[PDB]
Amino acid sequence: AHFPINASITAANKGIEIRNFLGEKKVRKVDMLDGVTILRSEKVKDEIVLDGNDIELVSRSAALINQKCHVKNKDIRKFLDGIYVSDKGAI
Amino acid sequence: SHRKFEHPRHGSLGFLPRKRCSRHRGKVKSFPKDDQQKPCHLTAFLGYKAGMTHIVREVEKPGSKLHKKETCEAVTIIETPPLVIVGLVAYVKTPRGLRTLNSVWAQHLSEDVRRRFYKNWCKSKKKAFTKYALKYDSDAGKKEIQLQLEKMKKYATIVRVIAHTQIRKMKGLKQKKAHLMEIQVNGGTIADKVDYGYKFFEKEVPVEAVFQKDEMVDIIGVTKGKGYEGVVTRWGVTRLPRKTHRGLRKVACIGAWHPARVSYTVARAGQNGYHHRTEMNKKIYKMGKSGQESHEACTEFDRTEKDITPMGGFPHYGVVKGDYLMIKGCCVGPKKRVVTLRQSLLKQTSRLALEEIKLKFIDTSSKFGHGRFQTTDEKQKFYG
Amino acid sequence: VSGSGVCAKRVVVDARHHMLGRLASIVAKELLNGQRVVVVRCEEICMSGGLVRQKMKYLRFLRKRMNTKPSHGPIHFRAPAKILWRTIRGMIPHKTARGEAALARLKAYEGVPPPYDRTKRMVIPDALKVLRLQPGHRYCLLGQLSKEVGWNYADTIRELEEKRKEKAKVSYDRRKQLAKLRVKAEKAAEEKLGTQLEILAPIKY
Amino acid sequence: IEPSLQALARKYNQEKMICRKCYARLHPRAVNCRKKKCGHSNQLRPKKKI
RNA sequence: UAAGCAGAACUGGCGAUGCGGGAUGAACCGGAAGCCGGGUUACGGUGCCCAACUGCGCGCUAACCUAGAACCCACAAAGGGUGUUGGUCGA
RNA sequence: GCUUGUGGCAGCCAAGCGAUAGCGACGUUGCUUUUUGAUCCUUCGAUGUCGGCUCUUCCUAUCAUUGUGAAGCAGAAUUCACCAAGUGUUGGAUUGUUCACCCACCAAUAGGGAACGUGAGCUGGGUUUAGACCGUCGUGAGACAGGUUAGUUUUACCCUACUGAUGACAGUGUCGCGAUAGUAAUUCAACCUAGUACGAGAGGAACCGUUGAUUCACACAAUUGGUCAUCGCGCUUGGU
RNA sequence: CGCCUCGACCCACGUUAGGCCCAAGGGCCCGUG
Ligand SMILES: [K+]
Ligand SMILES: [K+]
Ligand SMILES: [K+]
Ligand SMILES: [K+]
Ligand SMILES: [K+]
Ligand SMILES: [K+]
Ligand SMILES: [K+]
Ligand SMILES: [K+]
Ligand SMILES: [K+]
Ligand SMILES: [Mg+2]
Ligand SMILES: [Mg+2]
Ligand SMILES: [Mg+2]
Ligand SMILES: [Mg+2]
Ligand SMILES: [Mg+2]
Ligand SMILES: [Mg+2]
Ligand SMILES: [Mg+2]
Ligand SMILES: [Mg+2]
Ligand SMILES: [Mg+2]
Ligand SMILES: [Mg+2]
Ligand SMILES: [Mg+2]
Ligand SMILES: [Mg+2]
Ligand SMILES: [Mg+2]
Ligand SMILES: [Mg+2]
Ligand SMILES: [Mg+2]
Ligand SMILES: [Mg+2]
Ligand SMILES: [Mg+2]
Ligand SMILES: [Mg+2]
Ligand SMILES: [Mg+2]
Ligand SMILES: [Mg+2]
Ligand SMILES: [Mg+2]
Ligand SMILES: [Mg+2]
Ligand SMILES: [Mg+2]
Ligand SMILES: [Mg+2]
Ligand SMILES: [Mg+2]
Ligand SMILES: [Mg+2]
Ligand SMILES: [Mg+2]
Ligand SMILES: [Mg+2]
Ligand SMILES: [Mg+2]
Ligand SMILES: [Mg+2]
Ligand SMILES: [Zn+2]
């Protein structure tokens, strides 16, 4: 809503760096699981795209990103900020 | 019924039993984890507690009220002349734990360390290691020594050096019997450790090869004995009212009717002091090396020519002539007590750990009274 | 259940993939009857019910302790061989001199230490998991339970066991070459004395 | 927040069912609770909206 | 209200009684008795403690609550379950 | 000890309130043994009867602190619920109290058990001997479960338990291993975040980082403080 | 580590919804004085 989430890809694909989530000073680091790649997408405003061969490993890496961006101690029906899966498919 | 008010229990159950230590020299109960990537090095040292003094330094610590301001701090002096390596010990793994594989000793052992193997040195023939030394003379004997070393390189997973102190350098100790301990080598491969420890035979390893300035170390020793003691001093319980019949320095209730026994958790009277203790995170403020300017108690701000020893000597200790460590705070045991110094078991990634100490002043006034002079030269110039 | 009756010097039992309480029951009868039993590889004994049920059973046991002096209370051993030793002791009248002697005839080990790496290790058919447990039901290994509750020599046991299996694999290759040589020898020796061995033909297997 | 992204965030924070016994958050098509402590109760209610 | 409470009817029992079983126990189950040898049973049992099958046969159960496991007896209820397995009556 | 009426705690239904956020009448099922009764099984050749002080353990039906789910949860606050007994739960006025009730601090000032824990541990204010007042009652001697004041608190050297201390166990010594047992850290604040998120406004968080403090534990004596028969030095009374 | 007053015959790992098997229910041994 207010604080723009800043994401940074650490390696070529392996890492993502989330900062300014809800305007916080903590740095959230998620390492992609083995064989999974991530890219700050173009042609879309605020999308990250995860790629891989194993369905469980790609889906679990997206689950890690979403769960590290949970709003604490606030009404989450109002504070809807987060990172959510928008489309899952097989290319 | 439940107790009317809550207070926490007196004393820790984690230091039980409060008995006399079974050893005099403090023992390393766990060496640091070996990192085979680092170069070979020793992990511990032996030293002797000389005395205490206080220093003045300017503190660099942003966010503190002491930032850019001077502080006074009490320091303990530990005299640490170099150790002599006299052997190697190997350990192999086993489902029951580590086991000594074999040991190799040097050809020359001083009589100070050989006294450690005798209850009455002067009544004996002093035969210890007299026939072992003959392996270094023949050629079959040298073959055994090399074969033992090669067995170390092939089968051992832990290699430790056997080292002893040069206890006669400290005349005030009045002791000729050296202190002997095993020190682990914590670098390189097993062949690297064996080669490193073998090249040190009959050689002096200084304290600077083991520790450096501004490092947090652990000190192991036996505390000061105090003998039989009551519950008030041994455990810190509160006294009873003045009106108490049969005395007031006891625990009133030592247990309920059930269980119909006294529990191990109730404070009782017994031995106080002379316990083994491992104290960690003591910072090194200075390394005084014999034959160097760092041995003197002069700083960059104080150019007065003085020695580390206070006026009149260290009380009950003597004069510090060998290498020494200045350490922030107090240290286990009384003066003259042998203390074991060990490298930290954990990573010291902290501000206090990483702080750089710069001394402004070292007090060298007499500790045997309300001393007011820093040197004997100043005292004589004052009185004419 | 009675004893084996096999009357040997000592039987070495390979404990891998046996049910813990069924193995301890048979061993206890053997010891009480006078047999010496050596149990190796106690780290791979199986207990029905998975890790979770077995782990909390130990945690309840770990709760038990003499309130006034714990070093007097129950002793909770963490190693797989001492756990199996205590399970067997529970099935023996160990406070009598007969049960004291019976329990002194039992040796239990993790892995296969010498000299039993070069001896014959038997199995107990009515304690094997493959004959005792349905294929879908949960179970855990003794070493896994022991590792979860404080045992710290699982790695050295595993490293030693890999070294032992390498040596046994080489001894197995050598034994196969000697077996092929043996079959050629009995083939050539079959014709050289063809007439004499006519009575062995109907019982040749 | 754009309304389309609002609908995405409500798929995880809002469109849920609540157990009336153990307060567990459930998928919107749930009929029974997933929890052993409430006995897998069918007494469910929708998650209240702002 | 109840009580290992207080009071009556018929019979048995303990008291006055060991012995086998119910881990243990006045009364429960079996059974009553001189000192013994051999055979067989009662109640209760046959994985070990412990003598006797890890016996032959069909299902049910999976307990992430300490699943459950011997009359008296050493407790459990109303109410629930899209756990699973049998049935009944219907679209 | 049995019982659980009464005391305390927890459920089922759902008429209503605002059906089930939170509650919940009329009914109905339980649990518990820190209430009080009911009983009279044990103890009358005696198990020291209130309360507090001290000290240790234990429970959970959780008050705070950790991690969460729900709200009629915008924020702040609060309420309901879950896993959880690891760590805490205080200083005082009146009262012999237990119970109570106020003052104050605090993150919070939760509830309980252990022979209503704990008198060869203390204390002895209360109960409850003998002295003595008062009121009521009695002809009286006397009574009162009404008030008041004064009223001896014995023994451990035994066994065990517990705390420490030596010690044999097939030479003697040094250096080691480590089964097993014990165990410990804890809570709060300031600054930055930020007058920011949120909110019409009034109000108003938090993570990371930094700096301190509380409670506890283990040491130590450089300095400060305390301690004197250093009988160390000095002064000084009376005597000699 | 130092210093010395009653034939008791037999070594695979691993898996059982798999590696001819379908138990050592085998094999070896003058097994013969
Ligand atoms: K009490
Ligand atoms: K102290
Ligand atoms: K006191
Ligand atoms: K059913
Ligand atoms: K009741
Ligand atoms: K009595
Ligand atoms: K008086
Ligand atoms: K431990
Ligand atoms: K020896
Ligand atoms: Mg809020
Ligand atoms: Mg309390
Ligand atoms: Mg250790
Ligand atoms: Mg007194
Ligand atoms: Mg001094
Ligand atoms: Mg039998
Ligand atoms: Mg332990
Ligand atoms: Mg009679
Ligand atoms: Mg009688
Ligand atoms: Mg007979
Ligand atoms: Mg069967
Ligand atoms: Mg019974
Ligand atoms: Mg039902
Ligand atoms: Mg009631
Ligand atoms: Mg009602
Ligand atoms: Mg009596
Ligand atoms: Mg008594
Ligand atoms: Mg008495
Ligand atoms: Mg609870
Ligand atoms: Mg607690
Ligand atoms: Mg009570
Ligand atoms: Mg009492
Ligand atoms: Mg008394
Ligand atoms: Mg009292
Ligand atoms: Mg008493
Ligand atoms: Mg009185
Ligand atoms: Mg009176
Ligand atoms: Mg009158
Ligand atoms: Mg009075
Ligand atoms: Mg705004
Ligand atoms: Zn539920």
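Structure determination for this entry, per the PDB record, employed cryo-EM and reached 2.84 Å resolution.

You'll find chain D entered in the PDB entry as Ubiquitin-like domain-containing protein, with Triticum aestivum given as the organism.

Under the PDB entry, the name given to chain B is Ribosomal protein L3, and the organism recorded is Triticum aestivum. Listed in UniProt under the heading Sequence similarities (unreviewed entry), the comment for chain B reads: "Belongs to the universal ribosomal protein uL3 family."

Draft legend 1. Molecular detail of the nonpolar core. Among the nonpolar cores identified, the biggest contains 70 residues, and B:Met326 and B:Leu341 are the most heavily contacted of them. With 30 residues, the next largest nonpolar core counts C:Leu32, C:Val37, C:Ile45 and C:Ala81 among its residues.

Draft legend 2. Region of the structure containing the coordination of the zinc ion (ligand 40). Residues and elements named next belong to chain D. Around the zinc ion (ligand 40), the protein supplies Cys-19 (SG), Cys-22 (SG), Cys-33 (SG) and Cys-38 (SG) as donor atoms, at distances of 2.3 Å. Angles of 105 to 114° at the metal separate the 4 donor atoms of the zinc ion (ligand 40), which places the site in the tetrahedral class. Sequence spacing of the donors to the zinc ion (ligand 40): C-x2-C-x10-C-x4-C. Accessibility expressed as a relative area gives 3% for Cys-33, which makes it buried.

Draft legend 3. Quick peek at helix α1 (residues 55-67) of chain A. Residues and elements named next belong to chain A. Here α1 spans 18 Å end to end across 13 residues, near enough to the 18 Å set by a 1.5 Å rise per residue. What α1 keeps buried is the set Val-58, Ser-61, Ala-62, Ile-65 and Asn-66. Axial view of α1: buried residues confined to an arc of 140°, hence all on one face. When the buried face of α1 is taken as reference, the exposed residues oriented beyond 90 degrees from it are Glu-56 and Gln-67. Residue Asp-54 occupies the N-cap position of α1, its side-chain oxygen lying 2.7 Å from the main-chain nitrogen of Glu-56.

Draft legend 4. Representation of the arrangement of the chains. Comparison of the 2 pairs of chains in contact shows the highest number of contacts for chains A and D. Considering only C-alpha positions, the minimal separation of the non-contacting chain C and chain D is 17 Å.

Draft legend 5. Fine view of the UniProt feature "binding site: Mg(2+) 1" (unreviewed entry) in chain B. Residues and elements named next belong to chain B. UniProt marks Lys-29 with the feature "binding site: Mg(2+) 1" (unreviewed entry), using the numbering shown here. Here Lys-29 is to be found in the segment before β1 (44-58). Setting aside its immediate chain neighbours within four residues, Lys-29 contacts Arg-23 and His-276.

Analysis parameters
- Chain by chain, residues are numbered from 1 following the written sequence, and this numbering need not agree with the entry; no residue without coordinates is displayed.
- Whichever chain is written first is A, and whichever ligand is written first is 1; the rest continue in order.
- Part of a larger assembly is shown; the reported values describe that part exclusively.
- Neither water nor hydrogens contribute to the side-chain values; these are computed over all heavy atoms in the structure.
- Residues with missing side-chain atoms are left out of burial classes, side-chain pairs and their counts.
- UniProt positions are given in the numbering used here, feature names are shortened, and annotations may be inferred rather than shown by experiment.
- Only buried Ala, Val, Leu, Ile, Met, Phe, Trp, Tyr and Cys residues count toward a nonpolar core, and they belong to the same one when joined by side-chain atoms within 4.5 Å.
- Here's how the labels work: a residue is buried when its accessible area is under 20% of the maximum for its type, exposed when over 50%, partly exposed in between, all with a 1.4 Å probe on protein chains only.
- Any N, O or S atom lying within 2.8 Å of the metal counts as a donor, and for Na, K and Ca the limit rises to 3.2 Å; water is left out, so some sites can look incomplete.
- Geometry assignment treats four donors as tetrahedral when all angles are between 85 and 135 degrees, treats four as square planar and six as octahedral when opposite donors are over 155 degrees apart and all others between 65 and 115, and treats everything else as irregular.
- Here a helix means four or more residues in a row that DSSP labels H or I, a strand means two or more in a row labelled E, and each is numbered from the N terminus.
- Helices are assigned an expected span. That span is 1.5 Å times one less than the residue count.
- Here the arc refers to the set of directions running from the helix axis out to each C-beta atom.
- In protein, a polar contact requires one atom able to donate a hydrogen and another able to accept it; more generally it is a pair of N or O atoms within 3.5 Å, and residues adjacent in sequence count only if both atoms are side-chain atoms.
- Contacts: residue pairs with any heavy atoms within 4.5 Å of one another.

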